[PDB]
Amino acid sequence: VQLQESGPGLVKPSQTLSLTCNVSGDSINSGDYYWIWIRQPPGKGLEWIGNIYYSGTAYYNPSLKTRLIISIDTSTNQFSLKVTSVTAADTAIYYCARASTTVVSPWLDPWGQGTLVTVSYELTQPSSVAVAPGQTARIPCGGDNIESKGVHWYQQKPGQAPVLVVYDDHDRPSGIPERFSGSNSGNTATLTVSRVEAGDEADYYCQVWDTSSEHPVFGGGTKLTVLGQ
């Protein structure tokens, strides 16, 4: 199943940005999934924009609610995002993604390619973990009683969309090596990357689901740098 955003890439400031996610391999006309928009300012982390249900209902990030319109069209297998009265603070890479409605803790898989556009539960993770090649990197994710939740982990290499590497605190999708493992105890969830290769250099985000307003909550991200020598 594959999603993909499509948009202008450059937008005049006082105007309104329009994006469109084309899903293929599956039908959007189903209650099995949330359809989500995520944006990421250059250099910053992952911001949730809004969800939409196949029935047409959509809810938004409260800080941007007045400028967001998320619509869906079941008869052409797509849903769209509109950002009105844009400003400079809206320059970001915009991702569309999918999340299940049938599990306790939804995660986002798959994600769109991502398009650059130019003009309360909090997870705490450090900005950087730096280890030498072959060592063991441990990326912590802090949350108040975070073990009561199911935390997921995404790997984002530069220029690419995030990639799910761990979900339900220790499950690995098919394509992920066994060196990536997950833990969740007390107030800290831990992504552990053993035998850190050079290709492991990326940003790692822990994600959790907000059970009161039904949307993903992301940590700030952790840059994993490999020092070489």
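All residue numbers refer to positions in the sequence shown, first residue = 1.
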Between neighbours residue 120 and residue 119, residues that the deposited sequence lists but the model omits
10 or more
Hey, which bit's got the bigger mean C-alpha B factor in the entry, 36-44 or 194-202?
194-202
Using the temperature factors in the entry, find which of 123, 96, 86, 104 has the highest value at its Cα atom.
86
Among the modelled residues of this chain, does the Cα B factor of residue 110 put it in the lowest, middle or highest third?
middle
Would you please rank residue 127 by its C-alpha temperature factor against the other modelled residues of its chain and give the third it falls in: lowest, middle or highest?
lowest
Binned into thirds over the chain's modelled residues, the C-alpha B-factor of residue 50 lands in the lowest
Residue 22 - which third its CA temperature factor falls in, relative to the rest of the chain
highest
Name the third of the chain's ranked CA B-factors that contains residue 177, choosing lowest, middle or highest.
highest
